[PDB]
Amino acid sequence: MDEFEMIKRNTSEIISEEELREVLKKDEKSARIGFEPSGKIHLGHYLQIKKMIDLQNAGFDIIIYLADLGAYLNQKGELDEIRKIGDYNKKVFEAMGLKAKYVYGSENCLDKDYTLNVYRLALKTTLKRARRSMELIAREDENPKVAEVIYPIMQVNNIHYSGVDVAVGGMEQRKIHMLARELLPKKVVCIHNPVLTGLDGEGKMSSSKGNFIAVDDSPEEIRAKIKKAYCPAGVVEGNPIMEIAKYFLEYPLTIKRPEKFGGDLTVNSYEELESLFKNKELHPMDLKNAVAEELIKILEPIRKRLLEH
């Protein structure tokens, strides 16, 4: 259990590793992550929250950013509507066992030199690089708006203003984070978590399409969604059920099966679970049952906390 590996565990990339090792040496360190306010907090958000918890236990002061302004620029709706959702998400995050500080994007507005820094950054940033950093973040519009290229420099400005040593986000945030390391006097260490495949087994676990498992979902909904979910026998890559079993489940894990399908089998890890699923020894249905029933137990402390305080 090394703090470097405890942090690196279940991440896609760290830019860089040496710089992160340097940060760990400081007895005063902080990390930041930003979520656009979402009507449902699914396992996608929870995955990154878990990583923030790891950073916290590593001694990092955690700052959680509710990107209401960013969401507004990304056409998520009206500002105060997004703020209200941001409030709800704040409650949810405060119910996940995380000791963190919370900041709304519309709170930094206004610090005079902050909004001035937006124009400073806009002077260094090319339109092509801004658009390039927005491909995996913005659902496309016919004739893209100016607000699109304002989006990344606002996140870069938030990273700078937060004063964190580490910027955390999904793998779709790397181009924005690559901008931050190029536009800011201090180069932040970038920790990128993988992107969860949705239940429908195509895009990412996204904006409330029934492609998600919300952390406040009832056991009925969880069971029904996992059962319906995309899970081909022998397929691991892009398999959302296998991903959930990798990034959320606790091993060694006991899987329940009727004796006619072979008795109960208890895997000692995910890799063993992976080998058994590849070799068609473990069928999708049994995998779904175990995953669903475990998900209920994992999400129950969060579900009860929200219903209601």
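For every residue, the number given is its place in the sequence shown, counted from 1.
S.K.: Which is higher on mean Cα B factor in this entry, 295-303 or 15-23?
M.R.: For C-alpha atoms only, the mean B-factor is higher in 15-23.
S.K.: Would you tell me which stretch averages the higher CA B-factor in the PDB entry, 229-237 or 155-163?
M.R.: The stretch with the larger mean CA B-factor is 229-237.
S.K.: In terms of recorded Cα temperature factor, pick the maximum from 94, 81, 172, 221.
M.R.: Going by the entry's C-alpha B-factors, 81 comes out highest.
S.K.: From 120, 209, 181, 145, can you pick the one with the highest C-alpha B factor in the entry?
M.R.: The C-alpha B-factor peaks, among 120, 209, 181, 145, at 209.
S.K.: Lowest, middle or highest third: which one holds residue 141 when the chain's residues are ordered by CA B-factor from the entry?
M.R.: Ranked within chain, residue 141 CA B lands in the highest tercile.
S.K.: Quick check on the deposited entry: does the C-alpha B-factor of residue 61 sit in the lowest, middle or highest third of its chain?
M.R.: It belongs to the middle third of the chain when residues are ordered by C-alpha B-factor.
S.K.: Going by the CA temperature factor in the PDB record, which third of the chain does residue 109 belong to: lowest, middle or highest?
M.R.: CA B-factor rank for residue 109: highest third.
S.K.: Rank-wise, by C-alpha B-factor, drop residue 49 into the lowest, middle or highest third of its chain.
M.R.: Lowest third.
S.K.: What third of its chain, lowest, middle or highest, does the C-alpha temperature factor of residue 185 fall into?
M.R.: It falls in the bottom third of the chain.
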